[PDB]
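Both counts, for ligands and for their atoms, begin at 1 and track the order of listing. For reference, positions follow the sequence shown, starting with 1. As a basis for the values below, the full set of heavy atoms in this structure was taken, side chains included, without hydrogen atoms, waters or symmetry mates.
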Amino acid sequence: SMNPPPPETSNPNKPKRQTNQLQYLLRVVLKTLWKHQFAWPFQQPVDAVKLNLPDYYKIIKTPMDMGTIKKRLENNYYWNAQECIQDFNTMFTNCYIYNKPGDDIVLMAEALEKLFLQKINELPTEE
Ligand SMILES: COc1ccc(CCc2nc3cc(-c4c(C)noc4C)ccc3n2CCN2CCOCC2)cc1
């Protein structure tokens, strides 16, 4: 029932670059969701022990959270913008898999995902 180690956030064996899309992903997308009233449950890995979720890591094999995404962006862990977009999508999908329609956390994830999609709509073009 213990938690796994958190996802990696710093990659020493990978080159680094600054693109307009990565700048938007941190400055607009991540920062807009991070400041939202509903952000706390998504700001660090799910602590299944503290929250009394013993089957969480039996069901969710690709955990992801915004604290991880934020550190990945700040650390230039991503080379392609799509790597970051897929991490946001994984985070929302995990919430939907584990929880039920009508659960408060699901409504919160749905509101954050709608906001994510509104901001992704204006992602700049690839170089
Ligand atoms: C006692 O252990 C903790 C552990 C983490 C946190 C951070 C906030 C938090 N993190 C959460 C993750 C989830 C969640 C996600 C995300 N995916 O599935 C589940 C299920 C749901 C709710 C969460 N909440 C608020 C929970 N409430 C209000 C705070 O006291 C506990 C009850 C607070 C307390």
Side-chain angles (χ1 to χ4, degrees), residues 1-70 72-99 101-127:
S1 55
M2 294 273 161
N3 297 312
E8 289 299 316
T9 56
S10 65
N11 197 341
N13 259 342
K14 187 165 157 173
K16 296 174 169 66
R17 68 178 176 183
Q18 286 212 115
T19 65
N20 201 30
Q21 290 183 319
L22 289 169
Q23 175 181 48
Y24 186 89
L25 284 160
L26 178 61
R27 304 299 188 190
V28 177
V29 183
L30 183 285
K31 234 89 202 73
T32 299
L33 272 70
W34 191 262
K35 296 181 178 166
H36 194 277
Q37 186 202 345
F38 298 160
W40 196 35
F42 305 92
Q43 288 172 325
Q44 56 284 316
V46 170
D47 191 323
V49 176
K50 286 182 186 173
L51 289 162
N52 189 37
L53 320 169
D55 57 343
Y56 188 87
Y57 290 107
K58 282 276 176 208
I59 295 164
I60 301 303
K61 300 294 189 188
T62 312
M64 187 49 56
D65 65 281
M66 297 199 298
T68 295
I69 295 169
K70 180 176 186 283
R72 286 176 175 201
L73 286 159
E74 291 170 340
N75 296 335
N76 279 81
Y77 187 92
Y78 307 122
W79 180 260
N80 290 322
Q82 186 57 216
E83 296 173 57
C84 175
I85 292 167
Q86 187 51 54
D87 278 346
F88 276 106
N89 285 324
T90 295
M91 179 184 78
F92 296 127
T93 304
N94 293 338
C95 186
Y96 303 147
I97 289 168
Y98 188 80
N99 304 284
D103 286 343
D104 54 352
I105 195 67
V106 166
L107 298 147
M108 292 164 78
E110 286 175 345
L112 290 170
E113 185 183 26
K114 284 180 179 65
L115 183 56
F116 168 76
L117 295 167
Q118 288 171 331
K119 297 306 179 184
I120 285 292
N121 176 223
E122 298 184 88
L123 184 74
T125 59
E126 182 179 0
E127 291 145 43

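In terms of protein heavy-atom proximity, atom 2 (O) of ligand 1 is nearest to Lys50 CB, 3.3 Å. Protein heavy atom closest to atom 11 (C) of ligand 1, with residue, atom name and distance, is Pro41 CB, 3.5 Å. Remark: minimum distance from atom 29 (C) of ligand 1 to any protein heavy atom is reached at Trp40 CZ3, 4.6 Å. Looking from atom 12 (C) of ligand 1 to the surrounding protein, the closest heavy atom is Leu51 CD1, 3.6 Å.
Inside a 4.0 Å radius of atom 32 (C) of ligand 1 there is not any protein heavy atom. Protein heavy atoms are found inside the 4.0 Å sphere centred on atom 9 (C) of ligand 1. At a distance under 4.0 Å, a protein heavy atom can be found next to atom 17 (N) of ligand 1. Within the 4.0 Å cut-off (strictly below), no protein heavy atom is located near atom 27 (N) of ligand 1.
The backbone N or O of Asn76 sits nowhere less than 3.5 Å from a side-chain atom of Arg17 that would complete a donor-acceptor pair. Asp65 places a side-chain N or O within donor-acceptor distance of the main-chain N or O of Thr68, the cut-off being under 3.5 Å.
Note on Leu117: it clusters hydrophobically with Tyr96, by side-chain heavy-atom contacts below 4.5 Å among ILVMFWY residues. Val46 and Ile59 end up in the same hydrophobic cluster when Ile, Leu, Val, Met, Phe, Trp and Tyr side chains are linked at under 4.5 Å.
Remark: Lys61 NZ is packed, more than 12 non-hydrogen atoms of other residues, nucleotides or ligands lying under 6.0 Å away.
With no hydrogens or angles considered, a side-chain donor-acceptor pair links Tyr98 and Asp55 at under 3.5 Å.
Of all the heavy atoms of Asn99, the ones lying under 4.0 Å from any atom of ligand 1 belong exclusively to the side chain.
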Could you give me the CA-CA distance, side-chain angles and deciding distance for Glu126 and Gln21, then say whether side chain to side chain contact (heavy atoms under 4.5 Å, CB included) is met? CA-CA 7 Å; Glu126 182 179 0; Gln21 290 183 319; 4.0 Å; yes

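Applying the 4.0 Å criterion to heavy atoms of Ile105 picks out, from ligand 1, the atoms 14 (C), 15 (C), 21 (C).
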